[PDB]
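This report refers to the structure that appears directly beneath it.
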Number of protein chains: 2
Amino acid sequence: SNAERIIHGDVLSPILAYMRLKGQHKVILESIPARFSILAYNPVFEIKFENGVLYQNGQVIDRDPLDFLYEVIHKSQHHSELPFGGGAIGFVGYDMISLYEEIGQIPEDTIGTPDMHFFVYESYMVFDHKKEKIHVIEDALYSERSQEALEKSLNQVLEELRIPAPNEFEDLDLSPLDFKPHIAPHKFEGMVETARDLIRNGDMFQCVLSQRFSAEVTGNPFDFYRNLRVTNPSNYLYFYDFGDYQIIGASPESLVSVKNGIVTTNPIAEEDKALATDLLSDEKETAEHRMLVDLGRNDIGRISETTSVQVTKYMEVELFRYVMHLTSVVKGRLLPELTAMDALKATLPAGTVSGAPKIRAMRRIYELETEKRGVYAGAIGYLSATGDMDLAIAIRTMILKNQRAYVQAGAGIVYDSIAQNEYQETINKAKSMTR
Amino acid sequence: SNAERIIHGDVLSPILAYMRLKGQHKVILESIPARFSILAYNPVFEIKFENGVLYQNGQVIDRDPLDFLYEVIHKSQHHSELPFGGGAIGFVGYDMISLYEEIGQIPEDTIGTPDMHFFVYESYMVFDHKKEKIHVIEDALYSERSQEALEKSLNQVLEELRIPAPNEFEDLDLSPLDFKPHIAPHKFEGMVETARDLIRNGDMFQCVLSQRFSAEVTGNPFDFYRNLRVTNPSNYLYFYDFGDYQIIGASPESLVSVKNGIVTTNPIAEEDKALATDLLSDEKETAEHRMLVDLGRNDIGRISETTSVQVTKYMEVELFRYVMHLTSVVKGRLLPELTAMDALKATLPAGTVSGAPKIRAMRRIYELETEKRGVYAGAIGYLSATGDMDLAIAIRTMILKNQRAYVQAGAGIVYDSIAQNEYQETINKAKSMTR
């Protein structure tokens, strides 16, 4: 009396269904009371920093990695009204900050990602979801390609788009992973204890300690991304294929953005309204948030005209679908001699993945953690050829490499932390992606 | 230095693009901070009322058309948690009310649509856009098909969905139409004058007079729908293919809905907030809205438990993208012996397309208008096998028939109406679809 097939929503629209269906007397009835997606391919350059050496398409470059990246990416005469408009897409690892601060000896790397990896693109698509328009772009920013070459590349992309992938309607290959901890539960609780005691002795105020977990990869990584973007709609979704490793994530927390010379940070730290007014109390949670707002005011203030720093939205309440947070917006006008790289260096890594005071907390983290953080707790996003930039904090991010899947999550240790609670908080956060 | 192709957003998603693109080093970066679409095909029955005769698949039925439609559609033991779940999709023409009220002689029909036309479906898809899941359904409500037959039908639908239509990436064939009026501008102004004088003489309070326009069809009707759903995202979008005619519309105004025994109506009648508080003044516009709320209270009250009628949202302000309106919600508990048909008969046609008092205004409309209204100012939507129902007012609706495209729009004539202003209001409204 009933038969049903469920199709995932990302491979069929009601228009496509109507055009393809061959049945009689077809009718459509709809109720219609997502911002941008960037897809990039065929990069002109790979820019990578690993083992203390800077590479461009395999050639050694004797330059600072961030100064070189900006110099190669930024095109003064280039303008565009799309969010990305060409440029670099990639990440900056947590450990990049060791080039600019003395954080001590970096522990053993059990994953092996480079400290920085960007691809540089002049061939890309931008989905303007609000306008329901797709911009397929071939540009000559980095190659000086002829207009004839742009048109050929564009025609080839369009011909590929007409041809269906053979597996478009197969069900998602979401085999679940068996994640194993990288440290003993009791060893993490001892680390929490050590950090807690330092905080009591006046060494610092807060220290984010993290645990890593990993599993032998099973199933399809891209299908995990397809499911992730339905179950975790964040301001940042990303699937980066670097060839021998992939980065897949749904970070809800921006690290920093630069847009037309403006630097912005977004501090994040009746049953609806119930826990809402409770959250606006709790002098511990508001103090947490205020502390992050003030960190953003100072970070932006160091690189801006000092009287341009504005808190434009303050401790308003934003309710996600697994946890609740207080939200604010801090903005300033970048000084004329500085660039997005200075915005990156001023904020990396976020206070919520390091601690306060940040430098002391970072030294303590690497006296306690036994694995180099790598991608985790760094910055992920793009640097546009316009010099605009948008970077997410690399939390809620999975690394696929060495035939394993790595996830990692931290907890802010304070003076009254309970080690067992923070072990639990850490494994729940790290594995909430895994669903 | 730049080449670009724009693809319409309804034939490609970023997932589909990723799977189909063959370029090197593909990355996706997205920002993701629409309710339902119903597609139905291969109907079991056609139910139609034309020229005073009721037909089911061509056979004459000696029954009242609405009682018969409900009897055929409603299945007591059937339940489903999707909005439609099977049933009838179609329209009820304005002139159907002549079966239940004496509105006088109906003028000449220059279009020739039936007064009622529904297709009855057990094969359909529901796009649950919020969950990003597509439900492809084959049911045995009306046929008693075996489970083997459902599975074969479903497999055939799925095989059709895998095969791209050959024109999926062609640009929209939106040739613009040259619409011609069906009456002289001065004749409409004389009708307005006649109605205005009647209102002054105490005959009635308000009378909606309409103008029709039509053009020789050029271009593709479906591509017009594809563009319409991007430029007019209403609670009601619909493309109905009846074979020798099509109905395409974007009505923003619900006529009436029935859901689990509850009948609902939705009376519709800093630059943001500026014209907002101005709208909450203007004792003429609020009086207009209040009048529609009270019409809904009485309509629902006649078919409900009288102390269950509730105004649950009152004269709150809703801002669309071409005009602004005051909005309210009226609900009641349908009496146990009545059905959605009684809800339809209690509300058809909406006060905003007829007048006050409604019966006198309808008699006057057909003393002044020279063409049968037909689809215009009736009701469009579905009747579910559960007995639930959702009907839009048939405004902002285009009829494609006789190789012409017909649009129509009305204006509420009151005691101080200016005939030239109402002629203008009418042609602007009727043609705002045409874009």
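No Cβ is skipped: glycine too gets one built from the backbone with ideal geometry, and neighbour counts run over all protein chains shown. Coordinate-derived values only; no laboratory data.
Below is a table of values for the structure above.
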{"quantity": "Average other protein chain Cβ within 10 Å of Cβ, residues A:236-247", "calculated": "3"}
{"quantity": "Relative pair counts by distance (%), Cα atoms of segment A:273-418, 5 Å bins", "calculated": "2, 7, 14, 18, 20, 18, 13, 7, 2, 0, 0"}
{"quantity": "Alpha carbon Rg of segment B:191-300, scaled by the compact-globule rule 2.2 N^0.38 Å", "calculated": "1.45"}
{"quantity": "Translational diffusion coefficient (Stokes-Einstein; Kirkwood radius from C-alpha pairs) of the protein assembly as shown at 37 °C, 0.692 mPa s, in µm²/s", "calculated": "107"}
{"quantity": "Rg/Rh (Cα only; Kirkwood hydrodynamic radius) as it applies to chain B", "calculated": "0.97"}
{"quantity": "In Hz, Karplus ³J(HN,Hα) per residue of segment B:336-349 (6.51, -1.76, 1.60; θ = phi - 60°; x = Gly, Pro)", "calculated": "x, 8, 9, 9, 4, 4, 5, 5, 5, 5, 6, 10, 7, x"}
{"quantity": "Those residues of segment A:204-225 whose amide nitrogen sits under 14 Å from the label point placed on A:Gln403, 7 Å along Cα→Cβ", "calculated": "A:215-219"}
{"quantity": "Efficiency of FRET between A:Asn167 and B:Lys187 - r from beta-carbon atoms, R0 45 angstrom, step 0.05", "calculated": "0.10"}
{"quantity": "Net charge dipole size for segment A:301-410 [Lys, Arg +1 and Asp, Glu -1 on Cβ; Debye, nearest 20]", "calculated": "380"}
{"quantity": "The protein assembly as shown - charge dipole about Cα centre, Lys and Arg +1 at Cβ, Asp and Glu -1, debye rounded to 20", "calculated": "220"}
{"quantity": "Test item: Cα-centred dipole of chain A, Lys/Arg +1 and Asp/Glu -1 on Cβ, debye", "calculated": "540"}
{"quantity": "At 7 Å out from Cα toward Cβ: B:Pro176 inter-copy label distances (nm, ascending)", "calculated": "5.8"}
{"quantity": "For segment B:83-124 versus segment B:237-269, the gap between their alpha-carbon centres in whole angstrom", "calculated": "12"}
{"quantity": "12 Å beta-carbon shell around A:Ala149, net charge (K/R +1, D/E -1)", "calculated": "-4"}
{"quantity": "Residues in segment A:305-336 reached by a label modelled at A:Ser76 [backbone nitrogen below 20 Å; 7 Å Cα→Cβ]", "calculated": "A:334-336"}
{"quantity": "Per-peptide average of other Cβ atoms within 10 Å, ordering B:20-27, B:58-65, A:205-212 highest first", "calculated": "A:205-212, B:20-27, B:58-65"}
{"quantity": "Karplus 3J(HN,Hα) series, Hz, for segment A:6-11 with 6.51 cos²θ - 1.76 cosθ + 1.60 (x for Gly, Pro)", "calculated": "9, 10, 5, x, 8, 10"}
{"quantity": "Per-residue ³J(HN,Hα) for segment A:306-311, Karplus 6.51 cos²θ - 1.76 cosθ + 1.60, θ = phi - 60°, Hz, x for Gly and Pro", "calculated": "4, 8, 9, 5, 9, 8"}
{"quantity": "As computed over segment A:110-164, the Cα convex hull volume per residue (Å³)", "calculated": "171"}
{"quantity": "For B:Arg321, inter-copy label distances in nm, listed shortest first [label point 7 Å out on the Cα-Cβ vector]", "calculated": "2.4"}
{"quantity": "Nearest-first distances (nm) between copies at A:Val53, label 7 Å from Cα via Cβ", "calculated": "8.9"}
{"quantity": "Modelled FRET efficiency - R0 45 Å, A:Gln156 with B:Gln420, Cβ distances, 0.05 increments", "calculated": "0.20"}
{"quantity": "Unit charges at the beta carbon, dipole of the protein assembly as shown: most positive-side option, A:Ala343, B:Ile199, A:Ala140", "calculated": "B:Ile199"}
{"quantity": "Computed [θ] at 222 nm, helices only, for the protein assembly as shown once each DSSP H run of length n ≥ 4 contributes -39500 (n - 2.57)", "calculated": "-8500 deg cm²/dmol"}
{"quantity": "Alpha-carbon spread of segment A:122-212, three principal axes, descending order, Å", "calculated": "68, 38, 28"}
{"quantity": "Proximal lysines to A:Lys187, defined as alpha-carbon separation beneath 22 angstrom and excluding residues fewer than eight positions away on the same chain", "calculated": "A:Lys372, A:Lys429, A:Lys431"}
{"quantity": "Distance between segment A:284-309 and segment A:337-402 - C-alpha centres, whole angstrom", "calculated": "17"}
{"quantity": "Partner chain coverage, peptide A:158-166 - average Cβ within 10 angstrom", "calculated": "5"}
{"quantity": "Sites B:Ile359 and A:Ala34 - FRET efficiency at Förster radius 45 Å, r taken between beta-carbons, to 0.05", "calculated": "0.45"}
{"quantity": "Rotation relating A and B, chain B residue nearest the axis via C-beta, angstrom", "calculated": "B:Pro164, 3"}
